[PDB]
Colleague: 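One structure, pasted below without further comment.
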Amino acid sequence: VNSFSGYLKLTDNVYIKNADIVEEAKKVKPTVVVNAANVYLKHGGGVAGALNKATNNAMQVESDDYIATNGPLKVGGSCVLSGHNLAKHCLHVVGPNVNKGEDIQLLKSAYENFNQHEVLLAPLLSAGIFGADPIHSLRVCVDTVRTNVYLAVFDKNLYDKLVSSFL
Ligand SMILES: O[C@H]1COC[C@@H]1Nc1ncnc2[nH]ccc12
């Protein structure tokens, strides 16, 4: 039993809700919140910009030190950093950005990072400003993630479409 509330159950391990991931994280304080990161951990917009803003830019400060030490992530890769005031940990995961020409096949590799954590609050990878089809992202999530994932979908219209089209 966990404290996630109001989710629709899609499969044995995947759950979904129309919610603002920032507000969800502040309420639940999950062990892991997933950020829709880029390889430079520049949290300018989308989910990343919103999560970083909610940390009063502390996420960005920590991320800049991480990059200065380690260099950029790989597309499809991840790193674990602090969750600040939102969660114990933030798993920064880089899905492919279609508006940069990146290979959508890397979306499966991106979701594989979730399997290193027993329970996660997450957005749909490569959705929103990353330019992928969110219906496809949900399909890859369900077919790749084996741990317990709670998906927050900000847009109500999109949430309803994802549920109604789910096979
Ligand atoms: O699938 C994501 C990528 O593009 C649009 C979607 N964005 C979001 N999803 C959940 N909570 C959110 N809070 C702020 C932005 C946001």
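One is the number of the first residue; the rest follow in order along the sequence. Start at 1 and go down the list; that is how both ligands and their atoms are numbered. Excluded from the calculations below are hydrogen atoms, water molecules and symmetry mates; all remaining heavy atoms, backbone and side chain alike, are included.
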Colleague: Is the backbone N or O of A54 less than 3.5 Å from a side-chain atom of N85, with the two atoms forming a donor-acceptor pair by type?
Modeller: yes
Colleague: Looking at every heavy atom in both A122 and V149, which two are closest together, and how far apart are they?
Modeller: CB-CG2, 4.1 Å
Colleague: Show which atoms of ligand 1 fall inside a sub-4.0 Å distance from at least one heavy-atom site of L124.
Modeller: 1 (O)
Colleague: Can you tell which of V47, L158, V153 gets a heavy atom nearest to atom 8 (C) of ligand 1?
Modeller: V47
Colleague: What do you reckon, does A152 put a non-hydrogen atom under 4.0 Å from ligand 1?
Modeller: yes
Colleague: For the residue pair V153 and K17, establish whether any side-chain heavy-atom pair is separated by less than 4.5 Å.
Modeller: no
Colleague: For the residue pair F4 and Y150, does the interplanar ring angle fall in the parallel (under 30°), tilted (30 to 60°) or perpendicular (over 60°) class?
Modeller: parallel
Colleague: For atom 5 (C) of ligand 1, which protein heavy atom lies nearest, and how many Å away is it?
Modeller: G128 CA, 3.1 Å
Colleague: What's the shortest distance from atom 1 (O) of ligand 1 to any protein heavy atom, and which residue and atom give it?
Modeller: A127 CB, 3.3 Å
Colleague: Give me the atom names and distance for the closest heavy-atom approach of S63 to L81.
Modeller: OG-CD1, 4.1 Å
Colleague: Relative to the heavy atoms of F154, which atoms of ligand 1 are at a distance of less than 4.0 Å?
Modeller: 8 (C), 9 (N), 10 (C), 11 (N), 12 (C), 16 (C)
Colleague: Spell out, as yes or no, whether a donor-acceptor pair under 3.5 Å connects the side chain of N99 to the backbone of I129.
Modeller: yes
Colleague: Is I129 touching ligand 1 with its side chain, its backbone, both, or neither, if touching means heavy atoms under 4.0 Å apart?
Modeller: backbone
Colleague: What protein heavy atom sits nearest atom 14 (C) of ligand 1, and how far off is it?
Modeller: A50 CB, 3.6 Å
Colleague: May I ask you to identify the nearest protein heavy atom to atom 13 (N) of ligand 1, giving residue, atom name and distance to one decimal place in Å?
Modeller: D20 OD1, 3.0 Å
Colleague: What residue and atom, counting heavy atoms only, is the protein's closest point to atom 12 (C) of ligand 1, and at what distance?
Modeller: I21 CG2, 3.5 Å
Colleague: Assess, by modelled atom type and distance only, whether the side chains of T144 and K108 contain a donor and an acceptor separated by less than 3.5 Å.
Modeller: yes
